[PDB]
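Heads up: the structure comes next, in structure tokens.
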There are 2 protein chains.
Amino acid sequence: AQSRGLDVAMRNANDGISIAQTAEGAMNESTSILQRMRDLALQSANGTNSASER
Amino acid sequence: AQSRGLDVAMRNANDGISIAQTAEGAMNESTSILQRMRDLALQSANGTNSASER
């Protein structure tokens, strides 16, 4: 019984690592988007931008 | 007469071991069923199961 429980525990831990991996990948995409947005803001901060390109 | 009684006692004891064997086999099946149910519960105790899997 304990060995079967251990196998089930390994499967549960693998599911946990998989869901963590999926979350990590989503966060990677989000971080890339955030960095792009930060660069956009920094570019907008330049004085010579009139209003339209802003 | 004692010899006849001894034969009767041997037959009765053998019937008893037969009953014990049948009960033991059925209870072995029951133990297997309980082990499978325990595995099912441990699997369900995950967090990555939403609702349908449960």
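Letters for chains follow the order of the structure tokens (A, B, ...), residue numbers begin at 1 for each chain, and ligand numbers begin at 1 in the order shown.
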
With chain A as the partner and 10 Å as the cut-off, tabulate the residues of chain B that qualify, each row holding the nearest pair of atoms and their distance in Å to one decimal, using only C-alpha atoms, sorted by chain and rising number, as a Markdown table.
```
| residue | atom | partner | partner_atom | distance |
| --- | --- | --- | --- | --- |
| B:31 | CA | A:1 | CA | 9.9 |
| B:32 | CA | A:1 | CA | 9.4 |
| B:34 | CA | A:1 | CA | 9.5 |
| B:35 | CA | A:1 | CA | 6.2 |
| B:36 | CA | A:4 | CA | 9.0 |
| B:38 | CA | A:5 | CA | 7.9 |
| B:39 | CA | A:5 | CA | 6.2 |
| B:40 | CA | A:8 | CA | 8.8 |
| B:41 | CA | A:8 | CA | 9.7 |
| B:42 | CA | A:8 | CA | 6.6 |
| B:43 | CA | A:8 | CA | 6.1 |
| B:44 | CA | A:12 | CA | 9.2 |
| B:45 | CA | A:12 | CA | 8.6 |
| B:46 | CA | A:12 | CA | 6.2 |
| B:47 | CA | A:16 | CA | 8.0 |
| B:48 | CA | A:15 | CA | 6.9 |
| B:49 | CA | A:15 | CA | 9.6 |
```

Saved selection, atoms kept: N, CA and C atoms, as a short mmCIF file (atom, residue, chain, number, x, y, z; two decimals), in the first residue's frame:
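Resulting contents of again-v3.cif:
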```
data_model
loop_
_atom_site.label_atom_id
_atom_site.label_comp_id
_atom_site.auth_asym_id
_atom_site.auth_seq_id
_atom_site.Cartn_x
_atom_site.Cartn_y
_atom_site.Cartn_z
N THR B 31 -9.21 -6.63 0.22
CA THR B 31 -8.02 -5.83 0.48
C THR B 31 -7.50 -5.20 -0.80
N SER B 32 -7.51 -5.95 -1.90
CA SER B 32 -7.10 -5.37 -3.18
C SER B 32 -8.01 -4.21 -3.57
N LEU B 34 -9.73 -2.29 -1.56
CA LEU B 34 -9.45 -1.16 -0.68
C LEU B 34 -8.16 -0.46 -1.08
N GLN B 35 -7.14 -1.22 -1.48
CA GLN B 35 -5.90 -0.60 -1.95
C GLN B 35 -6.16 0.26 -3.18
N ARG B 36 -6.96 -0.25 -4.12
CA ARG B 36 -7.27 0.55 -5.30
C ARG B 36 -8.03 1.82 -4.92
N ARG B 38 -7.80 3.43 -2.08
CA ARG B 38 -6.82 4.33 -1.48
C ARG B 38 -6.01 5.04 -2.55
N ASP B 39 -5.59 4.31 -3.58
CA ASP B 39 -4.87 4.94 -4.68
C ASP B 39 -5.73 5.99 -5.36
N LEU B 40 -7.02 5.69 -5.57
CA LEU B 40 -7.92 6.66 -6.18
C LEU B 40 -8.01 7.93 -5.34
N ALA B 41 -8.17 7.77 -4.03
CA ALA B 41 -8.27 8.93 -3.15
C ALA B 41 -6.99 9.75 -3.19
N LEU B 42 -5.83 9.09 -3.11
CA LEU B 42 -4.57 9.82 -3.15
C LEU B 42 -4.42 10.57 -4.46
N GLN B 43 -4.81 9.95 -5.57
CA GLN B 43 -4.76 10.64 -6.85
C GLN B 43 -5.68 11.85 -6.86
N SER B 44 -6.89 11.70 -6.30
CA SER B 44 -7.84 12.81 -6.29
C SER B 44 -7.41 13.94 -5.38
N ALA B 45 -6.55 13.67 -4.39
CA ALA B 45 -6.13 14.72 -3.48
C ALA B 45 -5.25 15.78 -4.14
N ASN B 46 -5.00 15.69 -5.45
CA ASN B 46 -4.21 16.69 -6.15
C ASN B 46 -4.90 18.05 -6.15
N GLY B 47 -4.23 19.05 -6.71
CA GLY B 47 -4.83 20.35 -6.91
C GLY B 47 -5.10 20.64 -8.37
N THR B 48 -4.44 19.89 -9.26
CA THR B 48 -4.60 20.05 -10.70
C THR B 48 -5.63 19.08 -11.26
N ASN B 49 -6.86 19.15 -10.74
CA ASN B 49 -7.92 18.25 -11.16
C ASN B 49 -9.22 18.95 -11.54
#
```

Mind doing a quick least-squares superposition of chain A onto chain B, all C-alpha atoms paired one-to-one in order, and writing it out as an mmCIF file with N, CA and C atoms, in the first residue's frame?
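Just written: out09.cif:
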```cif
data_model
loop_
_atom_site.group_PDB
_atom_site.id
_atom_site.type_symbol
_atom_site.label_atom_id
_atom_site.label_comp_id
_atom_site.auth_asym_id
_atom_site.auth_seq_id
_atom_site.Cartn_x
_atom_site.Cartn_y
_atom_site.Cartn_z
ATOM 1 N N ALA A 1 -15.038 -46.818 18.682
ATOM 2 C CA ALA A 1 -15.865 -45.618 18.682
ATOM 3 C C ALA A 1 -15.001 -44.367 18.687
ATOM 4 N N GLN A 2 -13.945 -44.360 19.502
ATOM 5 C CA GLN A 2 -13.075 -43.192 19.566
ATOM 6 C C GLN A 2 -12.351 -42.967 18.245
ATOM 7 N N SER A 3 -11.920 -44.041 17.583
ATOM 8 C CA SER A 3 -11.239 -43.890 16.301
ATOM 9 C C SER A 3 -12.179 -43.330 15.240
ATOM 10 N N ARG A 4 -13.417 -43.824 15.196
ATOM 11 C CA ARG A 4 -14.380 -43.260 14.255
ATOM 12 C C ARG A 4 -14.652 -41.795 14.573
ATOM 13 N N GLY A 5 -14.774 -41.465 15.859
ATOM 14 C CA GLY A 5 -14.930 -40.074 16.241
ATOM 15 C C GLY A 5 -13.751 -39.224 15.811
ATOM 16 N N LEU A 6 -12.543 -39.779 15.888
ATOM 17 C CA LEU A 6 -11.362 -39.044 15.450
ATOM 18 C C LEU A 6 -11.389 -38.806 13.948
ATOM 19 N N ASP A 7 -11.820 -39.802 13.176
ATOM 20 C CA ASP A 7 -11.947 -39.595 11.736
ATOM 21 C C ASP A 7 -12.957 -38.491 11.444
ATOM 22 N N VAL A 8 -14.096 -38.517 12.136
ATOM 23 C CA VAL A 8 -15.095 -37.469 11.952
ATOM 24 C C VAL A 8 -14.521 -36.115 12.351
ATOM 25 N N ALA A 9 -13.693 -36.090 13.396
ATOM 26 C CA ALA A 9 -13.072 -34.844 13.825
ATOM 27 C C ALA A 9 -12.113 -34.314 12.770
ATOM 28 N N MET A 10 -11.345 -35.201 12.138
ATOM 29 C CA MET A 10 -10.484 -34.769 11.042
ATOM 30 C C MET A 10 -11.308 -34.180 9.907
ATOM 31 N N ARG A 11 -12.428 -34.820 9.568
ATOM 32 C CA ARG A 11 -13.274 -34.279 8.506
ATOM 33 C C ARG A 11 -13.828 -32.909 8.885
ATOM 34 N N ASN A 12 -14.274 -32.759 10.133
ATOM 35 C CA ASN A 12 -14.794 -31.473 10.589
ATOM 36 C C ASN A 12 -13.717 -30.398 10.533
ATOM 37 N N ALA A 13 -12.503 -30.735 10.966
ATOM 38 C CA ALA A 13 -11.408 -29.777 10.925
ATOM 39 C C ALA A 13 -11.067 -29.397 9.492
ATOM 40 N N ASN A 14 -11.152 -30.357 8.569
ATOM 41 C CA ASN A 14 -10.904 -30.047 7.166
ATOM 42 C C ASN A 14 -11.972 -29.108 6.617
ATOM 43 N N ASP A 15 -13.231 -29.321 6.998
ATOM 44 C CA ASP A 15 -14.273 -28.386 6.582
ATOM 45 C C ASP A 15 -14.008 -26.995 7.147
ATOM 46 N N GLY A 16 -13.550 -26.927 8.397
ATOM 47 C CA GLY A 16 -13.217 -25.638 8.981
ATOM 48 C C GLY A 16 -12.083 -24.941 8.252
ATOM 49 N N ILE A 17 -11.028 -25.684 7.917
ATOM 50 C CA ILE A 17 -9.916 -25.077 7.194
ATOM 51 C C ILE A 17 -10.381 -24.609 5.821
ATOM 52 N N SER A 18 -11.293 -25.358 5.193
ATOM 53 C CA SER A 18 -11.798 -24.957 3.882
ATOM 54 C C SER A 18 -12.610 -23.668 3.962
ATOM 55 N N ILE A 19 -13.498 -23.558 4.951
ATOM 56 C CA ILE A 19 -14.284 -22.333 5.057
ATOM 57 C C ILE A 19 -13.378 -21.154 5.396
ATOM 58 N N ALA A 20 -12.362 -21.373 6.234
ATOM 59 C CA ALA A 20 -11.393 -20.317 6.496
ATOM 60 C C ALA A 20 -10.679 -19.901 5.217
ATOM 61 N N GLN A 21 -10.317 -20.870 4.374
ATOM 62 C CA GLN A 21 -9.656 -20.552 3.112
ATOM 63 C C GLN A 21 -10.549 -19.703 2.217
ATOM 64 N N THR A 22 -11.827 -20.069 2.113
ATOM 65 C CA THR A 22 -12.746 -19.298 1.281
ATOM 66 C C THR A 22 -12.864 -17.867 1.792
ATOM 67 N N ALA A 23 -13.014 -17.712 3.109
ATOM 68 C CA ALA A 23 -13.076 -16.372 3.678
ATOM 69 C C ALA A 23 -11.796 -15.603 3.387
ATOM 70 N N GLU A 24 -10.649 -16.273 3.494
ATOM 71 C CA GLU A 24 -9.373 -15.610 3.255
ATOM 72 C C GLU A 24 -9.271 -15.112 1.820
ATOM 73 N N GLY A 25 -9.708 -15.924 0.858
ATOM 74 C CA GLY A 25 -9.682 -15.483 -0.530
ATOM 75 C C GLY A 25 -10.591 -14.294 -0.784
ATOM 76 N N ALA A 26 -11.808 -14.340 -0.236
ATOM 77 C CA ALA A 26 -12.697 -13.192 -0.371
ATOM 78 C C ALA A 26 -12.052 -11.941 0.209
ATOM 79 N N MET A 27 -11.423 -12.071 1.378
ATOM 80 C CA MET A 27 -10.747 -10.932 1.985
ATOM 81 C C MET A 27 -9.586 -10.450 1.130
ATOM 82 N N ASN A 28 -8.920 -11.357 0.418
ATOM 83 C CA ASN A 28 -7.846 -10.945 -0.482
ATOM 84 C C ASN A 28 -8.386 -10.049 -1.589
ATOM 85 N N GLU A 29 -9.475 -10.482 -2.231
ATOM 86 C CA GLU A 29 -10.103 -9.631 -3.241
ATOM 87 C C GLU A 29 -10.502 -8.284 -2.643
ATOM 88 N N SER A 30 -11.088 -8.307 -1.444
ATOM 89 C CA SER A 30 -11.527 -7.068 -0.810
ATOM 90 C C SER A 30 -10.351 -6.139 -0.540
ATOM 91 N N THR A 31 -9.228 -6.691 -0.082
ATOM 92 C CA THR A 31 -8.054 -5.872 0.195
ATOM 93 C C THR A 31 -7.506 -5.250 -1.079
ATOM 94 N N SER A 32 -7.490 -6.007 -2.178
ATOM 95 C CA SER A 32 -7.046 -5.419 -3.439
ATOM 96 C C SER A 32 -7.946 -4.255 -3.838
ATOM 97 N N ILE A 33 -9.262 -4.435 -3.708
ATOM 98 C CA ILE A 33 -10.185 -3.354 -4.044
ATOM 99 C C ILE A 33 -9.936 -2.143 -3.152
ATOM 100 N N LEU A 34 -9.719 -2.377 -1.857
ATOM 101 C CA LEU A 34 -9.495 -1.270 -0.933
ATOM 102 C C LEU A 34 -8.222 -0.509 -1.278
ATOM 103 N N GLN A 35 -7.155 -1.225 -1.634
ATOM 104 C CA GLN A 35 -5.924 -0.548 -2.025
ATOM 105 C C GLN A 35 -6.135 0.287 -3.280
ATOM 106 N N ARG A 36 -6.874 -0.250 -4.254
ATOM 107 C CA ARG A 36 -7.159 0.536 -5.451
ATOM 108 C C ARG A 36 -7.941 1.796 -5.098
ATOM 109 N N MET A 37 -8.914 1.675 -4.194
ATOM 110 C CA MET A 37 -9.692 2.841 -3.785
ATOM 111 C C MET A 37 -8.814 3.870 -3.082
ATOM 112 N N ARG A 38 -7.892 3.408 -2.238
ATOM 113 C CA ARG A 38 -6.979 4.327 -1.568
ATOM 114 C C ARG A 38 -6.125 5.078 -2.577
ATOM 115 N N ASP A 39 -5.610 4.370 -3.584
ATOM 116 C CA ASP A 39 -4.811 5.035 -4.608
ATOM 117 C C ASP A 39 -5.650 6.040 -5.388
ATOM 118 N N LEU A 40 -6.903 5.689 -5.683
ATOM 119 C CA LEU A 40 -7.793 6.631 -6.355
ATOM 120 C C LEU A 40 -7.960 7.899 -5.530
ATOM 121 N N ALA A 41 -8.187 7.744 -4.226
ATOM 122 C CA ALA A 41 -8.338 8.912 -3.365
ATOM 123 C C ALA A 41 -7.068 9.753 -3.365
ATOM 124 N N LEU A 42 -5.912 9.107 -3.210
ATOM 125 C CA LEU A 42 -4.656 9.850 -3.202
ATOM 126 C C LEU A 42 -4.483 10.637 -4.492
ATOM 127 N N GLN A 43 -4.812 10.025 -5.630
ATOM 128 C CA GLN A 43 -4.728 10.744 -6.897
ATOM 129 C C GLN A 43 -5.687 11.927 -6.918
ATOM 130 N N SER A 44 -6.904 11.736 -6.405
ATOM 131 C CA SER A 44 -7.871 12.829 -6.388
ATOM 132 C C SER A 44 -7.396 13.985 -5.522
ATOM 133 N N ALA A 45 -6.604 13.699 -4.489
ATOM 134 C CA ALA A 45 -6.185 14.751 -3.572
ATOM 135 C C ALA A 45 -5.336 15.816 -4.254
ATOM 136 N N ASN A 46 -4.713 15.497 -5.386
ATOM 137 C CA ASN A 46 -3.855 16.463 -6.059
ATOM 138 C C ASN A 46 -4.633 17.732 -6.379
ATOM 139 N N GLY A 47 -3.988 18.878 -6.164
ATOM 140 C CA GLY A 47 -4.677 20.147 -6.334
ATOM 141 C C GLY A 47 -5.168 20.373 -7.751
ATOM 142 N N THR A 48 -4.344 20.035 -8.743
ATOM 143 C CA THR A 48 -4.672 20.286 -10.146
ATOM 144 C C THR A 48 -5.595 19.177 -10.641
ATOM 145 N N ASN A 49 -6.878 19.307 -10.299
ATOM 146 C CA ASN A 49 -7.878 18.351 -10.747
ATOM 147 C C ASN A 49 -9.202 18.990 -11.141
ATOM 148 N N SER A 50 -9.312 20.317 -11.142
ATOM 149 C CA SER A 50 -10.543 21.010 -11.539
ATOM 150 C C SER A 50 -11.698 20.363 -10.773
ATOM 151 N N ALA A 51 -12.789 19.974 -11.434
ATOM 152 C CA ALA A 51 -13.873 19.266 -10.763
ATOM 153 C C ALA A 51 -14.301 18.026 -11.539
ATOM 154 N N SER A 52 -14.169 18.060 -12.867
ATOM 155 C CA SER A 52 -14.718 16.987 -13.693
ATOM 156 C C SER A 52 -13.986 15.670 -13.461
ATOM 157 N N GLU A 53 -12.654 15.685 -13.541
ATOM 158 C CA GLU A 53 -11.914 14.451 -13.309
ATOM 159 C C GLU A 53 -12.081 13.974 -11.875
ATOM 160 N N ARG A 54 -12.313 14.892 -10.936
ATOM 161 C CA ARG A 54 -12.697 14.467 -9.595
ATOM 162 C C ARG A 54 -14.000 13.684 -9.637
#
```
